[PDB]
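> Coordinates for the following, if possible.
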Amino acid sequence: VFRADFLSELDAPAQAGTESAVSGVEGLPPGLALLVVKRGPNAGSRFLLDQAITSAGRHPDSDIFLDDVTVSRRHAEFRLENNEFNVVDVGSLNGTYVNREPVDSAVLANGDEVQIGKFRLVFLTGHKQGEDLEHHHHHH
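Numbers count the residues shown, from 1 in each chain. Please see the structure below:
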């Protein structure tokens, strides 16, 4: 329901060479990141972050919509910087944490795990699966 059936799909064109539509999780070339509920009542749920700042717990304009007793209005918030997604904690003392560690803020990265309230989500990005070179010492 993110787009009313207006001038959508034009009329019935044959050729067009379309790509994304109902599944942009393909390679999402644009600076986009998705969160998947690793475990919880609504398993399989996915959230699309359109860059910028995305609040959590808020019902109004917000990609994340967690309607439950836990997760306050802004239990957690995400901010984009240097083309890199980040997580910021507005919770007093205890609150959102990363890798089971309470910190003021942390930088998200592919293969990272994020836990909010009683729901568990994993932060993943569209990797190019190109060179697997990163950091490893196979000497001495």
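
> need the contact list for residue 86.
When contacts are counted by Cβ atoms under 8 Å, 6 or more residues apart in numbering, residue 86 touches 78-80, 105-108. Yep, even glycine has a C-beta here, placed from its N, CA and C like the rest.

> before we move on, what about residue 123?
33, 35, 85, 108-110, 112-114.

> Just to be sure, which of these are found in helices?
Helix and strand membership here follows DSSP state H; of the contacts of residue 123, not one is in helices.

> What's the ChimeraX line that selects buried ones from the residues you listed?
Command for ChimeraX that selects the buried part of these, burial taken from 16 or more other Cβ atoms under 10 Å:
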select :33,35,85,108,112,114
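
> In terms of distance to residue 72, which of the contacts of residue 123 ranks first?
Nearest to residue 72, judged by Cβ to Cβ, of the contacts of residue 123 is residue 114 at 16.2 Å.

> That closest one reaches residue 121, doesn't it?
Yes - at 5.2 Å, residue 114 counts as touching residue 121 under the criterion of Cβ atoms under 8 Å.

> any shared contact partners between the two?
Shared contacts of residue 114 and residue 121, defined by Cβ under 8 Å, 6+ apart, comprise residue 35.

> For this structure, just list every one of the helices.
In the chain, no helices are found when defined by DSSP H.

> Report the two of the contacts of residue 86 separated the most.
Farthest pair in the contacts of residue 86 (Cβ to Cβ) is 80 and 106. Separation: 14.0 Å.

> what about the nearest residue to residue 111 once chain neighbours are set aside, neighbour count?
With Cβ to Cβ, 6 or more residues apart in numbering as the criterion, residue 111 has its nearest non-adjacent residue at 7.0 Å, and that residue is residue 124. Residue 124 has 18 neighbours, counted by other Cβ atoms under 10 Å.

> next one: residue 56
27.
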